[PDB]
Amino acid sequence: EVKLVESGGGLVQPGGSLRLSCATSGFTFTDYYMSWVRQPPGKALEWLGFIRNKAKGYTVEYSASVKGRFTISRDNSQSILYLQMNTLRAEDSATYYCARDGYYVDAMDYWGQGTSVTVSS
């Protein structure tokens, strides 16, 4: 059974940083991309970026709204995903989803249940 598991989220002081975990199982991790999608309360889903598969050498891409702030990398030995957030605003206060991704379907086929991050003093 495919499983995605986000964690590490809590409350963060503004200007600060938190690291997110994505743990998976039930498929061959390295063949797929992994994306991070977030959602602020009552707003739309916003893609943040992805990290490519083995074929692509596990390279990285981001959206313009977090490029330079956020950092994606992967634990292929453990099939774990990570997101490094920095210089955090309340506009980063949200639920963070890791999603299986790639060029097979060019869509995000499996998601976790998410993690909440709340930025506040």
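So that there is no doubt, residue numbering starts at 1 and follows the sequence shown.
- [ ] Check whether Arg38 has no coordinates in at least a third of the other compared PDB entries of this protein, counting only entries that model residues on both sides of it.
- [x] That residue is present in all of the other compared entries.
Open item on the list: Does at least a third of the other compared PDB entries (those resolving both flanking residues) leave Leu88 without coordinates?
Closed with: Yes; at least one third of the other entries leave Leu88 out.
Open item on the list: I need to verify one thing: averaged over C-alpha atoms only, is the B-factor higher for 51-59 or for 87-95?
Closed with: The entry gives the higher C-alpha B-factor average to 87-95.
TODO: Grab the CA temperature factor for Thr30 from the record and place it in the lowest, middle or highest third of its chain.
DONE: It falls in the bottom third of the chain.
Open item on the list: Can you tell me whether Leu18 has a C-alpha B-factor in the lowest, middle or highest third compared with the other modelled residues of the same chain?
Closed with: Its C-alpha B-factor, which the entry lists for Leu18, ranks in the highest third among residues of this chain.
Task: Where the record places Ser73 (Cα B-factor, split into thirds across the chain) - done: Ranked within chain, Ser73 CA B lands in the lowest tercile.
TODO: Sort the modelled residues of this chain by their C-alpha B factor and say whether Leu11 lands in the lowest, middle or highest third.
DONE: According to the entry, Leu11 has a C-alpha B-factor in the chain's middle third.
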